[PDB]
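First residue of the sequence shown: 102, per PDB author numbering; consecutive thereafter.
For every residue, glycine included, the Cβ atom is placed at its ideal position computed from N, Cα and C.
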Amino acid sequence: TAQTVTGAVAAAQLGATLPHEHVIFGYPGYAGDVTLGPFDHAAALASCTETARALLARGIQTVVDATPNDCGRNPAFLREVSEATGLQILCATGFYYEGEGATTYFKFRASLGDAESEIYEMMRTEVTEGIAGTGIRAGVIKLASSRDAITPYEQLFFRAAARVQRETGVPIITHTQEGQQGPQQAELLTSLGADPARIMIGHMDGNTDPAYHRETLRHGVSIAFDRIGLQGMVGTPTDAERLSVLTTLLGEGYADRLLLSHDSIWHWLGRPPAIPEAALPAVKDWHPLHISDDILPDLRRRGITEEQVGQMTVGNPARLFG
Ligand SMILES: C[As](C)(=O)[O-]
Ligand SMILES: [Co+2]
Ligand SMILES: [Co+2]
Ligand SMILES: [Mg+2]
Ligand SMILES: [Mg+2]
Ligand SMILES: [Mg+2]
Ligand SMILES: [Mg+2]
Ligand SMILES: [Mg+2]
Ligand SMILES: [Mg+2]
Ligand SMILES: [Mg+2]
């Protein structure tokens with residue numbers, strides 16, 4: 102059974118799922134801008150609950166919140182949103198990648214002792230017991246790596262997660278930076294004994310060469326085109342490019358291993374971002390209703406079957422997280 106912020110749910114009750122989104126999110130440092138960028142709890146709850154209701158209207162029953170521990174993760178808030186709407190939400194345990202995470206703390210611990218073991222204890226505790234003493238458990242482990250390599254800092258997390266995976270069976274979802282390291286992540290995790298059927302390599306839509314995806318898929322892991330809607334936003338390709346690669350893969354029979362999400366942020370922590378003019382088109386379709394309203398219908402018109410769409414949105418999530 103999957104562990105959600107309101108308790109365990111049977112694989113069968115997960116339904117259509119968005120495997121990677123962010124109810125709330127803040128880049129590391131946002132907490133230091135608390136005076137002019139405070140969290141308006143009432144406003145966030147209202148906004149997030151309306152977004153949640155809109156997903157329910159689309160038949161989406163579950164969302165996997167992939168927010169790292171150092172990026173504004175708030176299991177208690179996720180629980181309020183879930184209790185107020187009925188939307189099921191899984192939260193994560195893990196730290197962001199070296200280039201953008203709050204890395205000083207664990208680099209410090211690592212200099213004094215066994216950081217891998219401490220990260221392992223944190224992950225195991227949050228998965229099996231609860232987070233911050235709330236009784237709310239993490240339903241997934243979030244791992245993330247840099248573009249040019251899975252750094253030594255990042256590896257600490259990959260190794261701790263592999264062990265927690267082996268001991269608990271918990272799912273693992275990841276972040277790949279700028280369309281690279283997908284194969285390395287799959288290889289590393291599987292060589293450490295992690296169950297390939299419970300691993301989702303993320304941001305794979307970030308690379309538009311299908312050879313890169315097939316190689317990653319050779320490891321038996323699943324891969325997610327989880328930033329659908331974010332187009333040409335520094336690196337990120339266009340949705341047209343994503344769909345081209347996605348239909349090529351579906352035609353090669355990979356439906357059992359493909360997942361789809363937006364990586365949307367429902368409410369920002371810190372001061373809300375003001376998107377400049379030149380960037381409006383890049384974020385226009387970057388919201389959690391995009392796949393349901395635009396992408397799936399477009400796949401169907403391209404020849405993709407209802408069975409294939411259901412495999413990606415309901416089948417795979419049930420197997421991976423349930
Ligand atoms: C890579 As992220 C925490 O902005 O989704
Ligand atoms: Co990410
Ligand atoms: Co994300
Ligand atoms: Mg800090
Ligand atoms: Mg295993
Ligand atoms: Mg299994
Ligand atoms: Mg359309
Ligand atoms: Mg059209
Ligand atoms: Mg078309
Ligand atoms: Mg058909």
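Review point. Got a sec: does ligand 7 put a non-hydrogen atom nearer than 7 Å to the Cβ of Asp340?
Key: Answer for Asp340: no, Cβ out of range of ligand 7.
Exercise for review: Return the chain-ordered list of same chain residues with a C-beta closer than 6 Å to the C-beta of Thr269, the five sequence neighbours on each side being excluded.
Suggested key: Cβ-Cβ distances below 6 Å link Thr269 to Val228 in the same chain, with the five nearest sequence neighbours on each side left out; the list follows chain order.
Review point. CB-CB under 8 Å to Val182, same chain, minus the five flanking residues each way: which ones, in chain order?
Key: The residues are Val124, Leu146, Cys149, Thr150, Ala153, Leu188 and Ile190.
Review point. How is the alpha helix (DSSP H) around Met224 delimited, first residue to last?
Key: Unbroken alpha helix (DSSP H) run through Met224: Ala216 to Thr229.
Review point. For ligand 5, any of its heavy atoms closer than 7 Å to the Cβ of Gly294?
Key: Yes, the Cβ of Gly294 comes within 7 Å of a heavy atom of ligand 5.
Practice item. Would you kindly work out how many angstroms separate the C-alpha atoms of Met334 and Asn175, rounded to a whole number? Key: If you draw a straight line from the Cα of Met334 to the Cα of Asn175, it comes to about 27 Å.
Exercise for review: Can you check the segment 217–292 for any beta strand (DSSP E) of at least 3 residues that lies completely inside it and give the ranges in chain order?
Suggested key: Entirely contained in the segment 217–292, the beta strand (DSSP E) runs reaching 3 residues are, in chain order, 241–245 and 273–276.
Practice item. Could you tell me if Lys243 is buried or exposed, where buried requires 16 or more neighbouring beta carbons within 10 angstroms of its beta carbon? Key: Around the beta carbon of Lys243, 16 or more other beta carbons sit within 10 angstroms, so the residue counts as buried.
Exercise for review: For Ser212, count neighbouring Cβ atoms within 10 angstroms of its own Cβ and tell me buried if that reaches 16, exposed if not.
Suggested key: Burial check for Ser212: the Cβ neighbour count within 10 Å stays below 16, so the residue is exposed.
Check your understanding: Does the segment 191–206 come close enough to the segment 239–255 to have 3 or more Cβ pairs within less than 8 Å?
Key -> With contact defined as three or more Cβ pairs closer than 8 Å, the segment 191–206 and the segment 239–255 are in contact.
Check your understanding: Less than 7 Å between the CB of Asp215 and some heavy atom of ligand 9, yes or no?
Key -> Taking the Cβ of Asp215 as the reference point, every heavy atom of ligand 9 lies at 7 Å or farther away.
**Study point:** Beta carbon nearer than 5 Å to a non-hydrogen atom of ligand 3
**Key:** Checking every Cβ against the heavy atoms of ligand 3 under 5 Å gives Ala167 and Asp364.
Review point. Between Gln162, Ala143 and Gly127, which lies nearest to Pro418 when the distance is taken from Cα to Cα?
Key: Sorting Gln162, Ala143 and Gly127 by C-alpha distance to the C-alpha of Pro418 places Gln162 at the top.
Exercise for review: Rounded to whole angstroms, what's the CA-CA distance from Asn170 to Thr186? Just pull it up for me.
Suggested key: Answer to the nearest angstrom: the Cα atoms are 24 Å apart.
Check your understanding: How many Å lie between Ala239 and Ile232 at the Cα?
Key -> Each residue's CA atom was taken as its position, placing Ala239 and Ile232 some 7 Å apart.
Check your understanding: CB of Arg299 to nearest heavy atom of ligand 6: below 7 Å?
Key -> In this structure, the C-beta of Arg299 approaches ligand 6 to less than 7 Å from one of its heavy atoms.
Exercise for review: Could you tell me whether the Cβ atoms of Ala144 and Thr168 are closer together than 8 Å?
Suggested key: Contact: no.
Review point. By how many angstroms is the C-alpha of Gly195 removed from the C-alpha of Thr226?
Key: The straight-line gap from Cα to Cα measures roughly 12 Å.
**Study point:** Contact belief for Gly330 with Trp369 at Cβ below 8 Å, rounded distance in angstroms
**Key:** Actually they do not touch by this definition, with Cβ atoms about 16 Å apart.
Exercise for review: Counting only the same chain and skipping the five closest in sequence on each side, list residues whose C-beta sits under 6 Å from that of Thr205.
Suggested key: Around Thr205: no qualifying Cβ.
**Study point:** Cβ-Cβ separation, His363 to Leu137 (assumed contact under 8 Å), whole Å
**Key:** Under the criterion of beta carbons closer than 8 Å, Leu137 and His363 do not qualify as touching, at roughly 28 Å.
Check your understanding: Would you call the CB atoms of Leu347 and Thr414 closer than 8 Å?
Key -> The beta carbons of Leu347 and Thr414 sit no closer together than 8 Å.
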